[PDB]
Each structure stands twice: as structure tokens, then as C-alpha cells.
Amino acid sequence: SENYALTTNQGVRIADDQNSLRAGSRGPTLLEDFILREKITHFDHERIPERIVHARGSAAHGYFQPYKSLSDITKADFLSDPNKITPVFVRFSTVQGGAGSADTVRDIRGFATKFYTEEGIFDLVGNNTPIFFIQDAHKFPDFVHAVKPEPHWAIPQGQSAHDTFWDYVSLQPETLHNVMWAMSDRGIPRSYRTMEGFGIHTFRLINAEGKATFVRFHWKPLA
């Protein structure tokens, strides 16, 4: 929509972006072709590490506003007045598979929300079921390793359907509750647009007087 000249990143207009500089049109590529190496270098370093879990996601910008001042239970700005509009960015995700795995797999999904409040960024990072698999964070890597492709051959992608996962489940009964939900139809939702969300943990709301209230976050879809 705005016609600029194609440049190097040092802002040098490029004449020919279809060839390398060589010695004779049939000759060796010259090291001094700094425009080539700049293009390639960049291409060479495009990728960054994907997330350890929830690699696979889709995101969108939006906004939020409360129904009425919740000042009574919490002193949190973004919730203090129905006229305060908070910007938000939201990513939905699967869990096991990588960046280039499939959306339509049997799995928990994530539903994370970044709230750019006026008093700091608030991150609400939840899944689409009301509980999780394990109780202590120390067990995270064991579980995740169990669910994830197996170490010898890297199979399977986006599936809890191999031995380790169930070996872990079969010896860690705490997992059964979420596994239940996983095997339900909540485990293969048909869109993010019709998905539930939970913060799983009991958090605290603290009002202006320092009165603590236990809370648990839900997101319900109005679609």
C-alpha cells in the first residue's frame, strides 16, 4: 500500500535482487557480494526455539472491560470501573505438539491472555479444563516428557497415545482427573471460538483494605 525501494537492512537501495555477484556470468560467486550474504545471513537465522510446551498456537488482539467496579473485593485497576477499556492479546494453543503440528488433535488446549492494564501487565495463563494433570510443579518435566514424543525416535506428534504417557498415568493416579476431561469431548473441541477457559489455580483477590478473597478464573464463550 506504500511503494518503497527494496534495500539492504543498512538501507542501501538494491539494483538487482535476482543474482549473486560473480566473476563472469558463468563464474564463481565473489565473497564481496555483501548484499547476498546479508540476505542469506538473515534467512539463516530466522528461526528461534519454539515454546517447550504449547508450541502450537493461534493469537489475536482484542479488548476487555468489567461489568461493574469490583473495587469491593479487589483493588486491581483494570477491574475498577466499567468505562476503563483494557487492551488484550490472546493466544490459544495445544500442549504436546510442536509449532508445525496439527490443531485438531486430542489434547488439552491453552488459553492465555495478556492484559495491558494501566498498572502493569497482567497475564492470565490457563487451559480449557478446570484442573491439571499433576499437583507439584516438580513433576512437570516428568509428565511433559512422558506425554511428549518418546526420546528414542520422536514419536508420536500431538498424541497422548503411546506407552510412556499411560505408563506415567497408570503410576500417578493424581492424573486421572484431567485425563478424564482429556478423553471427553472437551479434549477435541471444534473451535477456539466455542472453548471454555480456566485459571485452574486458586488465586487471591486483595481489595483496598487488604482483605484476601480466594478466587478461581473462568472464561465462558458467548458464541
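Heads up: residue numbers just count along the shown sequence, starting at 1.
Of the two segments, 40 to 48 and 159 to 167, the one listed with the higher mean B-factor is 159 to 167 (C-alpha atoms only).
Comparing 28 to 36 with 182 to 190, the higher mean C-alpha B-factor in the PDB entry belongs to 182 to 190. Placement of the Cα temperature factor of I14 within the chain: lowest third of the modelled residues, per the deposited record.
When the modelled residues of the chain are ordered by C-alpha B-factor, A154 sits in the middle third. Sorting the modelled residues of the chain by their CA temperature factor places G126 in the lowest third. In the deposited entry, the Cα temperature factor of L21 sits in the bottom third of values across the chain's modelled residues.
For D136, the recorded CA temperature factor ranks within the middle third of the chain's modelled residues.
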